[PDB]
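Inside the fold
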Amino acid sequence: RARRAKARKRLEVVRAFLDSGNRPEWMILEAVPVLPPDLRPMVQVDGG
Amino acid sequence: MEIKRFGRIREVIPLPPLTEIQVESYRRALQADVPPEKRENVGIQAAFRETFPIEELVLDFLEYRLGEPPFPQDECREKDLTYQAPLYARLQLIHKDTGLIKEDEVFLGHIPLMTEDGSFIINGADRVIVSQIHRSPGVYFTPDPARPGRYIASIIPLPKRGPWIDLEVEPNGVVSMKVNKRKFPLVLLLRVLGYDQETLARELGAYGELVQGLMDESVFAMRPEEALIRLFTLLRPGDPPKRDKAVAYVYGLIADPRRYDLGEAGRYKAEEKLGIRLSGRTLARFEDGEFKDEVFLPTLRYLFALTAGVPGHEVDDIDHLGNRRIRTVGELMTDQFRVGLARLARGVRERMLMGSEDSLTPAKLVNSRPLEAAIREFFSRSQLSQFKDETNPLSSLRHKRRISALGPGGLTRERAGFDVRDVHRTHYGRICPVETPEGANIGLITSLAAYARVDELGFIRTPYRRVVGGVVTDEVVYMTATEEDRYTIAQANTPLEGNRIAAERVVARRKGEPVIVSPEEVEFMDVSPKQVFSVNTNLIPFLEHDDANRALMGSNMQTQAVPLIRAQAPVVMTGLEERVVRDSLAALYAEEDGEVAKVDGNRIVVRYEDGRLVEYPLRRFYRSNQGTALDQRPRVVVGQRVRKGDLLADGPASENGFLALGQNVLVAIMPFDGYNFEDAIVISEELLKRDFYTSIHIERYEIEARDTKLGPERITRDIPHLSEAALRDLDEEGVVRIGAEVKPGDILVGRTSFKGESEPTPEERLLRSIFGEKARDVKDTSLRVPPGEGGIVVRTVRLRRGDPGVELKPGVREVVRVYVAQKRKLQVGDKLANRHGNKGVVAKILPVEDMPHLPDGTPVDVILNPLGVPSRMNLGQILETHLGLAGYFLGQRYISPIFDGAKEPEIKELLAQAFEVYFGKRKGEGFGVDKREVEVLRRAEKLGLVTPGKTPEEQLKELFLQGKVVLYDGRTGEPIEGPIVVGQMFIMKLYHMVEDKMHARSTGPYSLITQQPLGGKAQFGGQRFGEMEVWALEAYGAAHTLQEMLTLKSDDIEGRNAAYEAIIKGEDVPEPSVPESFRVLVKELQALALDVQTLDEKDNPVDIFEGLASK
RNA sequence: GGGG
DNA sequence: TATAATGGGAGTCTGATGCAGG
DNA sequence: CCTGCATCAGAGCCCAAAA
Ligand SMILES: Nc1nc2c(ncn2[C@@H]2O[C@H](COP(=O)(O)OP(=O)(O)OP(=O)(O)O)[C@@H](O)[C@H]2O)c(=O)[nH]1
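Residues numbered from 1 in each chain as written, not as in the entry; some residues may be left out. Chains lettered and ligands numbered in written order. Part of a larger assembly, values for the part shown. Heavy atoms only, no water. Residues with missing side-chain atoms left out of burial classes, pairs and counts.

Per the deposited record, determination of this structure is attributed to X-ray crystallography, with the resolution reported as 3.096 Å.

Under the PDB entry, the name given to chain B is DNA-directed RNA polymerase subunit beta, and the organism recorded is Thermus thermophilus. Under the UniProt heading Function, the note attached to chain B is "DNA-dependent RNA polymerase catalyzes the transcription of DNA into RNA using the four ribonucleoside triphosphates as substrates." Regarding chain B, the relevant UniProt record gives this comment under Catalytic activity: "RNA(n) + a ribonucleoside 5'-triphosphate = RNA(n+1) + diphosphate". (UniProt positions renumbered as here; feature names shortened; annotations may be inferred.)

The PDB entry lists chain A under the name DNA-directed RNA polymerase subunit beta', with Thermus thermophilus given as the organism.

This part takes up the overall build of chain B. A tally of helices and strands in chain B yields 32 helices and 52 strands. Along the three orthogonal principal directions, the C-alpha set of chain B runs to about 110 × 100 × 85 Å. (Helix = DSSP H or I, 4+ residues; strand = E, 2+ residues; numbered from the N terminus.)

All names here are of chain B. Neighbouring RNA strand C are the residues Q386, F387, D389, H399, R402, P437, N441, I445, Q560, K831, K839 and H992. Among atoms of RNA strand C positioned within 4 Å of the protein, sugar and phosphate together represent 62%. One of the backbone N or O atoms of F387 is found 3.1 Å from a base nitrogen in RNA strand C. The separation between a phosphate oxygen of RNA strand C and a polar side-chain atom of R402 is 3.0 Å. (Near = heavy atom within 4 Å. Polar contact = N/O pair within 3.5 Å; in protein donor to acceptor, adjacent residues only side chain to side chain.)

Attention now moves to empty space enclosed by the protein. Residues and elements named next belong to chain B. In this structure, the largest cavity encloses a volume near 110 Å³. In terms of lining residues, the largest cavity is bounded by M177, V179, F184, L189, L231, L235, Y249, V250, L253 and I254. Sorting the residues of the lining of the largest cavity by element identifies β11 (176-179), α8 (224-235) and α9 (243-255) as the ones contributing at least two each. The element contributing the most residues to the lining of the largest cavity is α9, with 4 residues. Broken down by class, the residue content of the lining of the largest cavity amounts to 10 nonpolar, no polar and no charged. Of the voids in this model, the second largest cavity is the one considered here, and its volume is about 90 Å³. (1 Å grid on protein atoms, 1.4 Å probe; cavity = no way out; pocket = protein on both sides within 12 Å on 5 of 7 lines; lining within 4 Å. Points joined across faces, edges and corners; volume = space filled by probe spheres on them. Nonpolar A, V, L, I, M, F, W, Y, C, P; charged D, E, K, R; others polar.)

Let us look at the pairing of strand β6 (residues 125-129) of chain B. Residue and element names in this part refer to chain B. Among the 5 residues of β6, 5 are classified as buried, and the element is accordingly described as predominantly covered. Neither face of β6 is open: one carries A125, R127 and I129, the other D126 and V128, and all of them are buried. Inspection of the sheet shows strand β5 (residues 120-122) paired to β6 by 3 bridges, in the antiparallel sense. Of the residues in β6, the one forming a bridge with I121 is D126. Once β5 ends, the chain turns through 2 residues before running back antiparallel as β6, passing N123 with a positive phi of about 55°. Judged from the 3 bridges that link them, β6 and strand β16 (residues 385-387) form a sheet pairing that is antiparallel. Each bridged residue has a counterpart across the sheet, and for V128 the counterpart in β16 is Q386. (Buried < 20%, exposed > 50% of the residue type's maximum accessible area, 1.4 Å probe, protein only. Pairing = 2+ DSSP bridges.)

All names here are of chain B. Following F52, the chain continues into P53 via a peptide bond in cis, with omega recorded as 0°. Inspection of the secondary structure puts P53 in the loop between α2 (43-51) and β2 (58-66). For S356, which is not a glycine, the phi torsion comes out positive at approximately 30°. The exposure class of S356 is partly exposed, given its relative accessible area of 48%. Located in the positive-phi region is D679, a residue other than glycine, with phi close to 80°. If you trace the backbone, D679 turns up in the loop between β39 (663-669) and β40 (681-684). Residue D679 is classed as partly exposed on the basis of its relative accessible area of 23%.

Before going further, it helps to examine the protein's contact with DNA strand E. Surveying the vicinity of DNA strand E reveals the residues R1 of chain A together with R127, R381, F387, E414, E699, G1016, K1017, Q1023, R1024, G1026 and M1028 of chain B. Restricting the count to atoms of DNA strand E within 4 Å of the protein gives a sugar and phosphate share of 85%. At 2.9 Å, a side-chain N or O of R127 of chain B approaches a phosphate oxygen of DNA strand E. Tallied by class, residues from the surface near DNA strand E come to 2 nonpolar, 3 polar and 7 charged.

Once that is clear, we can look at the sheet that holds strand β9 (residues 151-156) of chain B. The strand order across the open sheet built from 5 strands is β8-β9-β10-β11-β12 (chain B), with neighbouring strands paired in antiparallel fashion. Strands with a single pairing partner mark the edges of an open sheet, and in this sheet they are β8 (138-143) and β12 (182-185) of chain B.

A surface patch of nonpolar side chains, amounting to about 480 Å² of accessible area, comprises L766, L767, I770 and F771 of chain B. Here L767 of chain B is to be found in helix α22 (residues 762-771). (Patch = residues over 30% accessible without salt bridge, like charges linked within 9 Å, V, L, I, M, F, W, Y side chains within 5 Å. Areas by Shrake-Rupley, 256 points an atom, 1.4 Å probe, with all protein chains shown as cover. Salt bridge = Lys/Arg side-chain N within 4 Å of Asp/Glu carboxyl O.)

Attention shifts here to the interface of chain A and chain B. With 12 residues of chain A at the contact, the number on the chain B side is 9 residues. Both faces combined, the contact of chain A with chain B buries some 810 Å², and carbon together with sulfur accounts for 73% of it. Of the residues contributing to the side of chain A that touches chain B, the split by class is 7 nonpolar, 3 polar and 2 charged. (Contact = heavy atoms within 4.5 Å. Buried area = accessible area lost by both parts, 1.4 Å probe.)

Domain boundaries assigned for chain B yield domain 1 (134-327) and domain 2 (695-824). Taking the mean C-alpha position of each, domain 1 of chain B and domain 2 of chain B sit 69 Å from one another. (Domains from an automatic or database assignment.)

Once that is clear, we can look at the packing of α2 of chain B against helix α12 (residues 329-351) of chain B. Residues and elements named next belong to chain B. Running from N to C, α2 and α12 point in directions that differ by 30°, and their axes come no closer than 10 Å. Judged by the inter-axis angle, α2 sits roughly parallel to α12. The interaxial crossing formed by α2 with α12 has right-handed handedness. For the pair α2 and α12, the contacting residues are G43, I44, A47, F48, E50 and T51 in the first and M333, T334, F337, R338, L341, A342 and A345 in the second. (Axes fitted to C-alpha atoms, helices over the stretch in contact; angles between N-to-C directions. Parallel < 35°, antiparallel > 145°, perpendicular 65-115°, else oblique. Left-handed = near helix turned anticlockwise from the far one by under 90°.)

Shown next as structure tokens:
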């Protein structure tokens, strides 16, 4: 029973990537994205 | 009028000074009025003595002194300054290498001072430090929930002064010790103390299987030094077990009277519980090179003896108020002081290494920045340092006596469960069972009982009278909870003849459990019923008749009473309302005997026996934190002879020295045409006419003119493109004139700011060219009036840079403050309440001709629906009305003390005497019984109210003794078909007033990232339409209404701009577009390296950014 | 801490 | 830019699930 | 195989919210 159980959990991740078209190495970042500035603002408040 | 007092209880002692919990705590910490050599080691003194001497070189502490405040209290409040004293410390530098000694007095910054009434001034605002309840340090033994026959001993020190310890006994049979959540066998630690198998066997052994289970041979196979190294490898993996390093870690954790502090209460509780005596506040010592045990073996000894069932060993209840102590102002501040001192020491030790080991004095060696920040951090930002509640004098008095279980070193909201919130039996006489917040905080925040005082160790004590034989002495003993449980305590109302207990059977308590006992068995007796309840609860007359859930609301709401210009004391008092005004410090009294020389609106000058002509200035119309007017009025006349302690001026919400939270009105209890529905209240227009329930309120407006990179903001009367109609009430400089009526939109202070690179768009350029007016360099930034606010300008303060005494925060040229006042008449939507918890909003104001009235023509003031009484079970208001009826006609006020009060028969005697004036006047004035009074009497005998077969006077008096009268409807003239309860009730106007709460928005300010409307009235915010509101719209299936809420009325930018344009053009609003907060969501998932793609039915990508984000 |  | 200096300081309670262990 | 056992992610709404 345990052998079949673990091969399933593993097989679900494998099948996930297979159907989707995602490469597993994409879970590793080379370029890190930077969110646009107006969404992390630097603003002058009332007091300057 | 006459004041008739009921009750047989003679209170042997008065209430203690009510703010003493604040004043005495801080005075003890600072000891400023004590000469340095005579200071005891406590508070500030103890902190210095603990941190010094500082080793390498040695810096040693001599003494400290506190200066006088640079500015007085009034001045500090004005200038947004902290009221504080300069602190200096004398230090002597010693060189451990040389012999050199340089001594100097270094400046450590300022410390805030407490005022006379127990509050603080921090940056101009008055503040209160709330006491914190917590678990007392000591040694406790609780049952282990898992194994029903085993126990855990926990050694808990003062907060942040050491680790929590658990001594669980594991299934394998060996006694385990838990430190920083890590476990090991306790035997190992015992060997480090120098213990041998013999000591543990001979001391304990008596418990056959338990003492042998602690014994482990491998641990004994090593002298005390090897066992210390072995344990260290368990606690700090990867750190090399150097012998000096291991000693340092274990010493600092266990034996160091600097890193480990049991309480002073911890020492007493430990010494008393384990029957040992502690040499200090640490669990062990470093003596003659090795470690010597103090606590650990006695704690292990008590645990084994308890598991075996040895007499004299019990588990401890951790919510008992003997094992729970209060941390007062001095202690809280001193903890933060101790942290700040230790940080400064880091700077000292690090500076004793760098820059030359010689040319350093104490003045250069000390940087006070860490100390100043810690104290400033505590007062300006701790969650026990609160904005003072000074709505009325009782508000602040109650605030100072509150006890919080929350804050830094106590429960969290998410971290708190039932045992702590319960009312413990030991709360009797110490913590009020009534006054607590309703809602999430129930039981965590409480109020000090009236007769309770906190002792030197921090346990709350309550007074009891000694009873010897059957005779009650006058000697009063203040007891802790632990000591109270030893004796048998009789109730305060037990009958007395003289000083003798007069009952054969008395009502008493043994350990909180109620018991009937003979006078031979009586050891102590309650001082008073007053000692069981808080100050607010003690202000509720006939409290013995009110359900507790409602009594709570009565207490809490007196805090919210707004000071009224006509304020009066209640006609039925409890006798405490005199003391509260006096301890609050709101009013004003004469220092010595004397004669009043002068009486003014602004001042009172008194000539005493001493000959000195003391002048008392009066505080007139000062604005409290909540904007109610604190103002003092003169009560004496020129030449009046005064004795010591006689009243000179009345404070706010006080009348001739009695607390006045409201007005006394004539009330009828009866439904009125659905204007009474579900607690709403109907009031007579006569109340506004005579200015009852009118209160003065002041709101503060402020504006700064500052330097910018584009040029100076200037406060000027010259404002671009505004007519002279708009500027009329402004003085020469651009400030509104004192004594002007300002309404919403009006300019208070004119100001111009230099225009940004938005330097007018070409669209504006051509328009400006047409009119031949140059586009001005500056734009109109004037301070105006918010929607719904306004009043009369009563004061202006202007503060510039380059004026004596003032320097603003960097960049700020000038600050202008305008104080605007308003007189508030009672109106529909303002909220009223009495002291028993009946509370409601004014729904109708009838003209006097519609109000129900007495036969003699007098209209009633308030109509309360009777449907509020029966489910609420607050009957004190009913008895309050009846005694109030008698007092209306006899011209008297009463003192009916709690639980020793006016009882029903005594009130009946008083009610009969009133009827003579209500009726006998009429019989003599030449009027007989009315036709309509007979019709009601007919209906009354069918009800069993009056006895059939008596004259109308006999029957009307029968109704009047039941507190009911005949009432005529002013609309019809016909009687109410039944007799109605009518009398005088004390009702307060609370702080929740519609003028403050009404708000609406068409469009307005938006948030930076989300582009959704802001929150709150002050920002002109939109209402939050939340998750549950969306569900409401969804269940109705109103999709287009819902979609509007999600797009055009919030963050859909193209849509909301377009929708507004449509309404002003008369077109219908357009179908909405993509909401901007979804685009934010998409981009935030991209920042997480996730590709979010909107697709059409053909599975092709759809671009919701309309080309803007793609190259 | 405060309102429902 | 040049005596020599060589390993740190510090803080509740619930239910569900995926894990090394008699 | 099964069971202790930890690590994690949950813990009502709206308004004042006095910085
Ligand atoms: N969810 C929630 N509701 C609250 C809160 N505070 C007050 N309420 C409201 O307070 C109301 C309590 O109303 P009650 O006067 O006790 O209603 P009742 O059952 O008729 O009780 P009686 O009037 O004494 O007969 C509820 O309807 C709640 O919606 C709160 O913090 N959370």
